[PDB]
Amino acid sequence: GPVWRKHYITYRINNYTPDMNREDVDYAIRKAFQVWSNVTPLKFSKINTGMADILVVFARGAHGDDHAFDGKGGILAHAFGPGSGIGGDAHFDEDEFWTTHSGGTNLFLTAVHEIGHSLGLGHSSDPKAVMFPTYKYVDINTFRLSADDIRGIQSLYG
């Protein structure tokens, strides 16, 4: 599968979920990028204008790619592996209730998983990995990538 062949990667938040404070959206996505650059050579920067490598989108139902969201529950978000255009982009189902904590769906945790996909990771069979397909709330202040997450991103980069 695809990997980014460049070290400086950019993202853009396209729009903001009304479920949270704006600064909290900025912080959650910031923090999620840092999870991955802590273990690879990549550097991530937020730009506010023009074409980003990774476009962060809150949308609901059918939203202009071929992967319709399905209302509350089920599919929480999805992301496209490295490549041009929509390659790299990470979309969050606005029909979920995005939060900074354990109520609704923790944006930070979901973003870590989705940027994993933006960077070219698939899913892990290990329930303990963040790349396990099913969403588990863990304390975000003491969150750490599992061994398997680290082996996986490391074999793509670095």
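Start at 1 with the first residue shown and count on from there.
Chemist: Taking the mean of the C-alpha B-factors per stretch from the entry, tell me the winner out of 39-47 and 63-71.
Modeler: 63-71 has the higher mean C-alpha B-factor.
Chemist: Between 142-150 and 5-13, name whichever shows the higher mean Cα B factor according to the PDB entry.
Modeler: According to the entry, 142-150 carries the higher average C-alpha B-factor.
Chemist: What's the residue among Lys31, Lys128, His117, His91 with the greatest CA temperature factor in the PDB record?
Modeler: Checking the PDB record, the top C-alpha B-factor among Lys31, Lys128, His117, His91 is at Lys128.
Chemist: Compare the C-alpha B factor of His101 with those of the other modelled residues in its chain, then answer lowest, middle or highest third.
Modeler: Tercile = highest for this residue's CA B-factor.
Chemist: Splitting the chain's C-alpha B-factors into thirds, which one does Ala111 fall into?
Modeler: Its C-alpha B-factor belongs to the lowest third of this chain's values.
Chemist: Ranking the modelled residues of this chain by C-alpha B-factor as given in the entry, is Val56 in the lowest, middle or highest third?
Modeler: Its C-alpha B-factor belongs to the middle third of this chain's values.
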